[PDB]
Amino acid sequence: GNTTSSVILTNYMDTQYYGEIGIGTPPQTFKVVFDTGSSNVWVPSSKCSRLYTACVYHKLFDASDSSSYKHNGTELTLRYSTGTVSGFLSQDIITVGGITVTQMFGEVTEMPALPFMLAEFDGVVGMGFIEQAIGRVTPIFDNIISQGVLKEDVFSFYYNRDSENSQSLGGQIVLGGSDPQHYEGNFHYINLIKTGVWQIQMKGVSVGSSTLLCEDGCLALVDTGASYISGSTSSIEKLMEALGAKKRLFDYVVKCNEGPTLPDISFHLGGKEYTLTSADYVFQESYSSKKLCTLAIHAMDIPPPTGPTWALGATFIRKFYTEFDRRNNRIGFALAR
Ligand SMILES: CNC[C@H](CC1CCCCC1)NC(=O)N1CCC[C@@H]([C@@](O)(CCCCOC)c2cccc(Cl)c2)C1
Ligand SMILES: *[C@@H]1O[C@H](CO)[C@@H](O[C@@H]2O[C@H](CO)[C@@H](O)[C@H](O)[C@H]2NC(C)=O)[C@H](O)[C@H]1NC(C)=O
Ligand SMILES: [Cl-]
């Protein structure tokens, strides 16, 4: 085909990016994260007990209001690092952008307060491969490719910096291609290590000039559902030590007044140096020496098979517009704008 649909994304404080999909007939709208690190679609169910506070404060899907709804009922449990949800499988029509696909998804009936009482979105749309799909449910992008409507079998992410301004696009995904209005120059392409996970090799990670970490190679998951860049505890410990950063309960901080003069951090990908300055990775609420400012980087120990691995989240994708290419099993980076 020749189609490329775009989906507008909301940017909440430069930490949560999500868009909107419609489920059912007539369509019930949900705010969802589009997550390349996972492969299942799910939203909270009307059958989720209000005993779960997350299901009081988020949109629920009511199967009995959709004429296109088709019952399945098989149990589903999804364990992410940050917490588990459970429920059962349902089939219905899902619209994303201008596209409309019949999709199997989770109706979630168990939804823990941590982390979901902190979620500004209702559910997630996993943009990963069927290899990572729990229950081997066919991922939504696979079902879209099957339609043969897409100009190209790729999708791309633009995440924007948060702006007080009313308009200001928080972010954008394109199904079928990439929007040259939000990247300059050409895509540098890097092959996946293997099909089945949006992960590439990384030759090193530099702090300042000294190529300090990952000196002899490591993995990089390009993860749109991740808010910060993550590395292994032991990598991150070193990195934070280099920066003089202090470990708090939920984050790493520096004195705000010194954030600006902290060193660059470069990720060596596909033969090229991808650099983030301290302006890229410090949340500079102020520049006072009496306040502490959060870094958009933290530790996450991801278990095998996928880990140990770094994850390149929104901190990274903000600077580099990212194209996920399913036809060629590669990822492209171009400077964002
Ligand atoms: C596998 N991929 C990475 C994984 C995805 C995540 C999707 C929702 C359900 C759980 C798994 N994110 C992840 O591990 N993060 C670190 C913990 C906080 C997340 C996150 O910041 C993500 C916000 C949306 C995306 O922003 C870019 C957050 C905050 C509050 C509540 C929840 Cl629910 C999740 C980002
Ligand atoms: C829910 O989905 C499951 C998984 O796709 C369906 O189970 C499969 O159904 C097909 C068609 O009858 C069988 O060929 C497979 O062997 C089934 N998988 C197995 C081994 O369980 C199930 O039928 C769906 N539920 C309903 C009632 O539609
Ligand atoms: Cl290391």
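## A few points about the overall build of the protein chain
A tally of regular secondary structure across the protein chain gives five helices and 25 strands. Relative to the 2.2 N^0.38 estimate, which gives 20 Å for 337 residues, the radius of gyration of the protein chain is 20 Å and therefore close to what a compact globule would have. Along the longest, intermediate and shortest principal axes, the C-alpha atoms of the protein chain span 60 × 45 × 45 Å. Restricting the contact set of the protein chain to residue pairs at least 6 apart, pairs at least 24 apart contribute 67%.

## Focus: the environment of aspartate 301
Structurally, the position occupied by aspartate 301 is in the loop between β22 (297-299) and β23 (310-312). C-alpha separation for the pair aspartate 301 and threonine 233, spaced 68 residues apart in sequence, amounts to 6.5 Å. Those residues within four positions of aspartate 301 in sequence are excluded, and the remaining contacts are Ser232 and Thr233. Here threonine 233 takes part through its side chain, which lies 2.6 Å from a polar atom of the side chain of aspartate 301.

## Notes on the packing of aromatic side chains
As enumerated under the stated definition, the model contains 24 aromatic pairs in all. Ring geometry for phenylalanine 30 versus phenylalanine 61: centroids 6.4 Å apart, planes at 55 degrees, classification tilted. Residue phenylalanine 30 is located in strand β3 (residues 28-35), and its partner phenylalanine 61 is located in the loop between β4 (41-44) and β5 (70-80); the two are separated by 31 residues in the primary sequence. Taking relative accessible area as the criterion, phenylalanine 30 reaches 1% and is therefore assigned buried. Judged by its relative accessible area of 0%, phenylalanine 61 falls in the buried class. A centroid spacing of 4.8 Å and a plane angle of 70 degrees characterise the contact between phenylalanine 141 and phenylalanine 155, whose relative ring orientation is edge-to-face.

## Re the UniProt feature "active site" in the protein chain
Per the UniProt record, the feature "active site" sits at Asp35 and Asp223. For the residues just named, distributed over 189 residues, the greatest C-alpha separation is only 6.8 Å, placing them together at one site. You can see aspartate 35 is positioned in strand β3. In this structure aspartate 35 comes out as buried when scored by relative accessible area, which is 10%. Leaving out residues up to four positions away in the same chain, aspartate 35 has contacts with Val125, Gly126, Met127, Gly128, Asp223, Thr224 and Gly225. A distance of 3.1 Å separates the side chain of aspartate 35 from the backbone nitrogen of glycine 37, its partner in a polar contact. Mapped onto the secondary structure, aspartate 223 falls in the loop between β15 (218-222) and β16 (229-231). Setting aside residues up to four positions removed in sequence, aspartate 223 forms contacts with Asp35, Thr36, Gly37, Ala311, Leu312, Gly313 and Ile317. A polar atom in the side chain of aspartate 223 sits 2.9 Å from the backbone nitrogen of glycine 225.

## Digging into the sheet that holds strand β21 (residues 292-294)
Strand pairing in a sheet takes place through backbone hydrogen bonds and is either antiparallel or parallel in direction. With respect to topology, three strands assemble into an open sheet ordered β17-β18-β21, the strand pairing being antiparallel. Each end of this open sheet is capped by a strand with a single partner; those strands are β17 (246-247) and β21. Of the pairings in the sheet, the one linking β17 to strand β18 (residues 252-255) comprises two bridges and is antiparallel in character. Counted as the bridge partner of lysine 247 is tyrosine 252 from β18.

## Examining the pairing of strand β25 (residues 330-336)
Of all seven residues in β25, five are buried, a share of seventy percent or more. With six bridges connecting them, strand β11 (residues 183-191) and β25 associate as antiparallel partners. Residue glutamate 184 lies in a different strand from β25, and its bridge partner there is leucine 335. Where strand β24 (residues 320-325) lies against β25, six bridges are found, and the strand directions are antiparallel.

## Describing the site of ligand 1
Surrounding ligand 1, one finds 20 residues, the nearest of these being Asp35, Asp223, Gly225, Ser227 and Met300. Taking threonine 15, its main chain carries an N or O atom lying 3.3 Å from an oxygen atom of ligand 1. In this structure, a nitrogen atom belonging to ligand 1 sits 3.1 Å away from a main-chain N or O atom of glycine 225. Relative to its unbound accessible surface of 730 Å², ligand 1 loses 88% to contact with the protein. When contributions to the shell around ligand 1 are tallied by element, the ones reaching two or more residues are β2 (16-23), β3 and α1 (113-116). Formed jointly, the shell around ligand 1 draws a minimum of three residues from each of two domains, domain 1 (4-178) and domain 2 (179-336).

Rules used in this analysis
- Residues numbered from 1 in each chain as written, not as in the entry; some residues may be left out.
- Chains lettered and ligands numbered in written order.
- Heavy atoms only, no water.
- Residues with missing side-chain atoms left out of burial classes, pairs and counts.
- Helix = DSSP H or I, 4+ residues; strand = E, 2+ residues; numbered from the N terminus.
- Rg over C-alpha atoms; globule rule 2.2 N^0.38 Å.
- Contact = heavy atoms within 4.5 Å.
- Polar contact = N/O pair within 3.5 Å; in protein donor to acceptor, adjacent residues only side chain to side chain.
- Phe/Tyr/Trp six-rings, centres within 6.5 Å; stacked < 30°, edge-to-face > 60°.
- Buried < 20%, exposed > 50% of the residue type's maximum accessible area, 1.4 Å probe, protein only.
- UniProt positions renumbered as here; feature names shortened; annotations may be inferred.
- Pairing = 2+ DSSP bridges.
- Near = heavy atom within 4 Å.
- Areas by Shrake-Rupley, 256 points an atom, 1.4 Å probe, with all protein chains shown as cover.
- Domains from an automatic or database assignment.

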